[PDB]
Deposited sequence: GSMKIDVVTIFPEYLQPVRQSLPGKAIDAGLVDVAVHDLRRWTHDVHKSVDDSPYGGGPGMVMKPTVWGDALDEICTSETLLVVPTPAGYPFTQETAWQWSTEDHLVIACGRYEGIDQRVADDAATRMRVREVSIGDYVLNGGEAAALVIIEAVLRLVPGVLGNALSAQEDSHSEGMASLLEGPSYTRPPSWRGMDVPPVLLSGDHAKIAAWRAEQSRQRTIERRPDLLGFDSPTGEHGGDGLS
């Protein structure tokens, strides 16, 4: 049973991942994904969510008073607060496995210029906070990263998304010949020990070529 709350100024961004949960998992109460418009917690008629950065510079910083109120309402002592940011610790498959057994994830989506750091710092005094980056690139905001994180975590929770080192090598299916290219004959050989060795060599070669950092 996992609850995920997402807070964002673009709640529509998260709607297709909500309609991505098998009804069987929701009815079994294994998962609940709720999305919240951050502007619900604004104070002013203009519904302001950001303000100019102290110390000067470009862009805007998200307001601590707004985020503080939102997290106060949404989070509990059991919450793992996830903050996607290009300045975060790396989000990896290990992270995904760890978070897959959490009871309550709250994902705070902000612009990449940032949420006022006092929000995370305050939250960390009463819950666990994880500022994470999904890769070495900048996105305008955390929403697309939230989708990646939700998917990577929930596909590891038994029966939730409906699904059941070295890089994986190439895969093939019918037909055996297509546009002048044949499926590697070893795969049709019925020698399953040899197929495993062939796949291992394919994996080695691909990892050397594409991800030498992994060796």
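- Residues of the deposited sequence that lack C-alpha coordinates fall in the stretches 1, 166-178, 230-244.
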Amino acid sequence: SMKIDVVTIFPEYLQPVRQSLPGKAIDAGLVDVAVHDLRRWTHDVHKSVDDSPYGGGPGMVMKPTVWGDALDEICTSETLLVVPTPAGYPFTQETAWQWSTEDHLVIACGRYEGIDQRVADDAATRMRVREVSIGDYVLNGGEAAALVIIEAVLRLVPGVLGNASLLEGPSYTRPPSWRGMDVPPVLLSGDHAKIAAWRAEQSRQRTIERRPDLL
From here on, numbers count along this sequence of modelled residues.
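- The mean Cα B-factor in the deposited entry runs higher for 154-162 than for the other of 41-49 and 154-162.
- Annotation for 66-74 versus 24-32: the higher mean temperature factor (C-alpha) is found in 24-32.
- Split the chain's modelled residues into thirds by C-alpha temperature factor. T207 is in the middle one.
- Annotation for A193: CA B-factor lies in the lowest third of the chain's modelled residues.
- Compared with the other modelled residues of the chain, the Cα B-factor recorded for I9 ranks in the middle third.
- Looking at the C-alpha B-factors along this chain, the one for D116 belongs to the lowest third.
- Per the deposited record, the Cα B-factor of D122 falls in the lowest third when ranked against the other modelled residues of its chain.
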